[PDB]
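Chemist: After the C-alpha cells below, expect a handful of questions from me.
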Amino acid sequence: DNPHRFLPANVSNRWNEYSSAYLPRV
Amino acid sequence: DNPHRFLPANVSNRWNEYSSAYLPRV
Amino acid sequence: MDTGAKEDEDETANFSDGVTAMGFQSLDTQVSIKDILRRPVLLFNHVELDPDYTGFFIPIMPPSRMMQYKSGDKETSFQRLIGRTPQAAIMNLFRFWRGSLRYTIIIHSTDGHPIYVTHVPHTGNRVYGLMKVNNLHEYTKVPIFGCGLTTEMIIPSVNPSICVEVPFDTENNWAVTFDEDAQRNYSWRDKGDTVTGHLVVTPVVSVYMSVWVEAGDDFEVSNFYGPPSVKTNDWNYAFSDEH
Amino acid sequence: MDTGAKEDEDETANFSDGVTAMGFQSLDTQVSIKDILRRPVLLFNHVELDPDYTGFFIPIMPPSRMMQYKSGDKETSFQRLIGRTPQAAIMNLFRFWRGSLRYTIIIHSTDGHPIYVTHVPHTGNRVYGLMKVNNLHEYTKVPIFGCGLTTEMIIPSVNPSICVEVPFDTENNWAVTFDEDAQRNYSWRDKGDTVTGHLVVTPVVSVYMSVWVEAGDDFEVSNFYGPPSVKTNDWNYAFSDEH
Amino acid sequence: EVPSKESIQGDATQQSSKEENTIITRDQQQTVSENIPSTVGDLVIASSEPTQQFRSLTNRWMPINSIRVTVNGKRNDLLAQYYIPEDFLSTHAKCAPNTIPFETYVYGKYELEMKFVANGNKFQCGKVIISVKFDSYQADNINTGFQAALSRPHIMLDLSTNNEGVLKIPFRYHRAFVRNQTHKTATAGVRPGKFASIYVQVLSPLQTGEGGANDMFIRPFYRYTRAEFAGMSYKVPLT
Amino acid sequence: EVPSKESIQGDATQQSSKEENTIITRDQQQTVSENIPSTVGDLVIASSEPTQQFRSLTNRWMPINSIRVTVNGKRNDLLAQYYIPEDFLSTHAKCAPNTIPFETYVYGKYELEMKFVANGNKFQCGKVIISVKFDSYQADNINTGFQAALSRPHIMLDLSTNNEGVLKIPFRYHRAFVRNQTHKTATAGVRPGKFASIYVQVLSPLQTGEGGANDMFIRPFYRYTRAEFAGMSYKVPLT
Ligand SMILES: [Ca+2]
Ligand SMILES: [Ca+2]
Ligand SMILES: [Ca+2]
Ligand SMILES: [Ca+2]
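One line per chain: the protein sequences are D, D', A, A', B and B', in this order. A prime marks a further copy of an entry chain. Heads up, the final residue of the first sequence is numbered 26 in PDB author numbering, and it's a clean run with no missing numbers. Heads up, the final residue of the second sequence is numbered 26 in PDB author numbering, and it's a clean run with no missing numbers. Heads up, the final residue of the third sequence is numbered 243 in PDB author numbering, and it's a clean run with no missing numbers. Heads up, the final residue of the fourth sequence is numbered 243 in PDB author numbering, and it's a clean run with no missing numbers. Heads up, the final residue of the fifth sequence is numbered 241 in PDB author numbering, and it's a clean run with no missing numbers. Heads up, the final residue of the sixth sequence is numbered 241 in PDB author numbering, and it's a clean run with no missing numbers.
Written out as C-alpha cells, the structure reads:
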C-alpha cells in the first residue's frame, strides 16, 4: 500500500509523527 | 384513489379536518 | 413566541454567561431571519418548457414543508432538497407571511427568442408545472402574456437569467405558509390561501429552465408555530474523527 | 522571525550602505508579501466537470508544497508548476494563514447553462476533483447548490469567468498551511486543519474549467518557519553570455 | 405572594379576579402569559359601518367543560382542545350570555383570556401545559406537540401546587374578521367560526401515592377582553 | 427567611453558596458557627521563605463520603469522623483538585469550612450534632461525647426540617505548621497530617412513621477558606 500512510514504529510515537527521542531524523 | 383527499369520518368534523373532540390524533 | 422564562423561578447562583463569539471570526452575522430568507432556494432544476401549453406555472409561496420530498412518494418536478434548506426550516415555524417574493429564472439557451414571465394575482387556485389553461390545444394566438396581466421578457442572447419581484396581490392580510396535508380536499376558498398568485413562463420553442425563489425586501413573517416533529439520520453517513 | 543581528557583535568599520535602487526604474514595488500573495496562481488547467458527480471539489488552501509536483509520483489534476510560483515559495515559509481566498474560475464554454459554485465551510475533510458525495449515482435531484449552502452561478454566454471570495469559516484561529507529509494517516481532526472548507463546481452538461487562486484583501499569514531544504538545476538549461 | 399563620379560616391570603358579574378566587399564585397585540388598522376598512362591543355580556368569566386528568395520561396527550370561537358557541356552555351577540352579527374580531383552575392534592404531582395556536384551520395536526406548546404563548400548571394560569389570546388571523356562523344560505367555500385552537396537554404524567386518587380535575374559564362585532343580520340559533 | 405562596415550581425561595466553580443551594434556613481566629505571627518566622495560596483549587466545595443515619442509631453514636487534613487527602474525595498543592508542599496552615446537607422527610425526626476538636492527636477518645460537642464549635441538624449547617474551622495547633505527608524518608517521630478532628454524632435518634423509611442521608462538603503552603518539595502521591 501507500508507504506515506504510517511512519515505521522505531522512529515514531503513538501519534504517527517522529518521536522527539528520535534524533537521527535529520 | 388518493387517501389524503378525505379524512375518515370518525376522526373529522364536517369541514374535513380533525374534530376538536378527537383527542387521539396525537 | 413565549420564551418560557416565566416558568424559570429558580434564583440561586449560576456560572458565568461568558462573552459572545459573534463577530470574532468575521462580521458576517447570519442569524437574522429575514437575511436567511433573502438568499435563494432552488425550486426547479432544469425543467422543460413546452410551447403547446399556456406555460409553466410557479405558485407564489415560499419554500416550506409544502414542497418537501418524502422517500417513496410520487416523483414531482420539484428539486428534492427544498425541505432541508435553512429557509424552509424557518418557514416551517411561521404560518403567516406578507410581502413580495423574488424569482430568479434561468433559461438554458442563447437564442434570440423572447421568453415571457407573466404575473397572475391571487385567483384561488394553486398549480405548478405545464398547464393548458381551459384545456385548449393552441396558445400562440391567445398567449397569457398578451392578455393584459403584468408581464416581463427574457431574451437569452442578452441574458438567459432574470430576477423578478412579484407583489402581494391578494385579498388577505397574510398568506398562509402551509397546511398539515397539502393534498386534502377541504373548503375551496381556504385551500387557495397558501399562495398569492402565480408566475407563468412561456417559451417560443421547447427549452429548459431553472427557478430559484427568495423573500423580497418588503417582506415579513409571523404567527410563530413552534418546532414540528423532526427526524435525522446524518450520523450514519460519515466517519467520526476517531475512525 | 529573528534577524540574527543579536549575534553580530563586531563594531569595527565597514564600507558604505549605499543608496537603494528601489523605485529607480519604476514605482512598481513588488516586495510586499501580501501584494505577492494577491496575484493569481493557476491550480487546474482545463480539467473536466462531469454532471454524474456532485461536482468538482476545490479545497480552500493557498498554494504551497502541499501541491508540489515531484518527478516520478502519480499524476494528479494539479498543474505541475504550482510549487515553484513565488507565492507557493512564500507560503512555504509561513505555517499559519487567516482570512479569505479568491478563486477565479473559467468555464470553457459559451452555452447558456448555469454552472454553480457552492461554498462548503470547514467540515473536517480535504478533497479535490470530481466526487460523488455519499457514493450515489444521480445528483440532479439532490444538487449540492440547492441544499442551503452559499452558492453563486456562472452563465458562460454572459461571462465564462467569475471571481469568488470564500470566507474564513472555521473553528480555528489560524488555518495550517502545510504538513511534512500530505499523505500521512494521523489524528483525523488535525488532518483537516489545513483547509477552511471547499468550493464545489457543478455543471449541467460535461464541460471543462480552469481555476486560479489568490489571497483576498482580508488576509494575513504568520508563524514564520524559516527556509526549507531546497534544490535547483536551472544552470543546466541555458547558455551563459560567453557561449 | 406571602402566606400567613393559621387562624379560624386557615391561611386567609387568597387573591381574586372580578370581571362583570363573575368572581374567581385563587388559593396560591398564578402564572400569566404576556399581553400581546392584535392586528389593528383593518377594522375601519373591512367594515364601512361601525363595529360593536357588548362588554357586560362578553367580558364575564364563563366556565366550560370539566377536564379529568388520570395517572394513565402520557406526555403529549391531548386532555382537551378548543376551536374558537366555534366550540364556545355550539359545544361548551351553550346557554351562556357571552354567546348572545354571535346570534346576530356575522363577523368579529376577538381577544380572549382563559383561566385554568386545578385541584390536585399534596401527595399527587404532575405537569400540564396549555397553549394557543393562531389561525389553525388545516394545521392542527402539525406543530402540535408539547415542544410547539412550550414555544407558543402558553401557561404551565403544576398538579400539586394548584397555581392558576391565565392565557391571554390576541386576534391574529389571516383575514380582517372571522365569520361567526355557518348557515344553509352561507357559503361553504370558507370554514367559519375558527381563528385559533387551544390545546391542553400532559407535560409530565399525574402520579399519586399509595391508595391515593388516580385522578384530579381542571376547569377552564373564558371571557372576551375585546369582542368586536360587525355585519348585523337576523338572529339565528348557534351552529 | 420567609416562604412564599406556591407557584409552578413550588415555593421558589432557595438560597445558595457559590465558591469558585461550585454552587450549593439550600431549601430552608442554615445554621452557622462563629467566625473565629487562628494563630497569627508565627508564619513569617517558621518559614524564612514566602508561603503560598491556590484559592481556585482549594477554596471550592468538595463533597466527601455519604453518611447514613438509621433508626437504630443511639445518642452519642459516631456517624462519621475525620482527621484533617489527612482524611481529605488519602481517604475521601481523593481525586479532588483541592488536594493538588498537598502533593508538593510539606507544611501548611489550614482554615476550613464544612457544610452539611441533610434530607429527612416530613414524617421523620431526629437531631444530629457536628463539632470540631482542635489538635486532637492522642486525645480523640476523651471529651468526645455529645456534651463536649455542644461545648466546642458545633452545628446542629434537625432531620425533618433539613436546615443546613456550616462549621467554620480555624487553624489552632500547638506548632506553627502541620505536616502534610508521611514519607518513607520523613521522620516517624512526628505523626503528620492531623491538626484537628471533626465528629458527626447522634444527639437524638432518627424516628420514622408507620411504613416510613428507616434511614435518611447527610452529605458533608468541605473547602479551605485559607490554605497556606510552605516548604516546596518534589511531588508525591498522597499517603
Ligand atoms: Ca449569579
Ligand atoms: Ca459572573
Ligand atoms: Ca562605519
Ligand atoms: Ca559611509
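All C-beta atoms, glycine included, are put in the ideal place defined by N, C-alpha and C.
1. Listed by chain order, which residues have C-beta atoms less than 6 Å from any heavy atom of ligand 1?
2. So is B'/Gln30 in contact with chain A if we call contact Cβ pairs under 7 Å?
3. Is there at least one Cβ from chain A nearer than 7 Å to A'/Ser32's Cβ?
4. Write down the C-beta distance between B'/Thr53 and B'/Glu166 rounded to the nearest angstrom, noting that I regard them as a contact closer than 8 Å.
5. How should D'/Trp15 be labelled, buried or exposed, when 16 other C-beta atoms within 10 angstroms of its C-beta is the threshold for buried?
6. Check whether the Cβ of A'/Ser16 sits closer than 6 Å to any heavy atom of ligand 4, and report yes or no.
7. Pull the bridge partners of B/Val202 from the DSSP assignment, please.
8. If you measure from the beta carbon of A'/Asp181 to each beta carbon in chain D, is any gap under 7 Å?
9. What is the rounded straight-line gap between the Cα of B'/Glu51 and the Cα of B'/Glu115?
10. Against chain D', with Cβ distances strictly below 7 Å, would A/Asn223 count as a contact?
11. If you draw a straight line from the C-alpha of B/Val168 to the C-alpha of B/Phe104, how long is it?
12. Find the residues of chain A that neighbour B'/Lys20, judging by a C-beta separation of less than 7 Å, and give them in chain order.
13. By the 9 Å beta-carbon criterion, what residues does the segment 132-147 of chain B contribute toward chain A?
14. Quick check on the burial criterion: 16 or more other C-beta atoms within 10 angstroms. Buried or exposed for A/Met66?
15. Could you name the residues of chain D' that B/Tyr85 contacts, counting a contact when the two beta carbons are closer than 7 Å?
16. Could you confirm whether any beta carbon from chain B is found closer than 7 Å to the beta carbon of A/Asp8?
17. Measuring alpha carbon to alpha carbon, tell me which residue in B'/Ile25, B'/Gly75 and B'/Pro194 is nearest B'/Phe219.
18. Interface residues of chain B around A/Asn173 at Cβ under 7 Å?
19. For a test of your reading of the model: does the CB of A/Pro143 fall under 6 Å from any non-hydrogen atom of ligand 5? Yes or no.
20. Classify B'/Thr227 as helix, strand or coil using the three-state DSSP reduction.
21. Flag D/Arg5 as yes if its beta-carbon sits less than 7 Å from any beta-carbon of chain A', otherwise no.
22. Could you name the residues of the same chain whose beta carbon sits closer than 8 Å to that of B/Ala141, not counting the 5 residues immediately before and after it, in chain order?
23. Out of A/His137, A/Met1, A/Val117 and A/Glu7, which has the shortest C-alpha to C-alpha gap to A/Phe57?
24. So, at 6 Å on beta carbons, what are the nonlocal neighbours of A/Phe96 in its own chain, with the 5 sequence-adjacent residues on each side left out?
25. Taking its Cβ as the centre, do 16 or more other Cβ atoms sit within 10 Å of B'/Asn100, making it buried, or is it exposed?
26. Expressed to the nearest angstrom, what Euclidean distance is found between the alpha-carbon atoms of A/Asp217 and A/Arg38?
27. Just checking, does the segment 148-161 of chain B' make contact with the segment 117-124 of chain B' on the three C-beta pairs under 8 Å criterion?
28. So if DSSP puts A'/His119 in a beta bridge, which residue, or which two residues, is it bridged to?
29. Rounded to a whole number of angstroms, what is the C-alpha to C-alpha distance between A'/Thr170 and A/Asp2?
30. Mind listing, in chain order, the continuous beta strand (DSSP E) runs of no fewer than 3 residues lying wholly within the segment 133-202 of chain B?
31. Whole angstroms is fine: what's the gap from A'/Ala182's alpha carbon to A'/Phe168's?
32. Beta carbons nearer than 8 Å to chain D': which residues of the segment 152-178 of chain B have them?
33. Between B'/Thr27, B'/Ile10, B'/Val4 and B'/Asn23, which lies nearest to A/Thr12 when the distance is taken from Cα to Cα?
34. Check whether the segment 44-53 of chain A and the segment 198-206 of chain A are in contact - that is, three or more C-beta pairs closer than 8 Å.
35. Can you tell me where the beta strand (DSSP E) with A'/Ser187 in it begins and where it stops?
Modeler: Working from what's here:
1. A/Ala13 and A/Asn14
2. no
3. no
4. Actually they do not touch by this definition, with Cβ atoms about 32 Å apart.
5. buried
6. yes
7. B/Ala82 and B/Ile132
8. yes
9. 27 Å
10. no
11. Put simply, the backbone Cα of B/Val168 is about 24 Å away from that of B/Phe104.
12. Ordered by position in chain A, the residues that pass the 7 Å Cβ test against B'/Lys20 are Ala13.
13. Answer set for the segment 132-147 of chain B: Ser133, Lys135, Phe136, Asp137, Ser138, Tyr139, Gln140, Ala141, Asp142, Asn143, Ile144, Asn145, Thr146 and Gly147.
14. buried
15. At a C-beta separation below 7 Å, B/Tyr85 has these neighbours in chain D': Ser20.
16. no
17. B'/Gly75
18. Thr41, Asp44, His176, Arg177 and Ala178
19. Looking at this structure, you won't find ligand 5 anywhere; what it does contain is ligand 1, ligand 2, ligand 3 and ligand 4.
20. strand
21. yes
22. So the list reads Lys135, once near-sequence residues are dropped.
23. A/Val117
24. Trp174, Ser222 and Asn223
25. buried
26. Taking the straight line joining both Cα atoms gives about 8 Å.
27. yes
28. A'/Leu199
29. 33 Å
30. 156-160 and 166-171
31. 22 Å
32. Within the segment 152-178 of chain B, no residue places its CB atom closer than 8 Å to a CB of chain D'.
33. B'/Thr27
34. yes
35. Where A'/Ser187 is concerned, there is no enclosing beta strand (DSSP E), given that its DSSP letter is neither H nor E.
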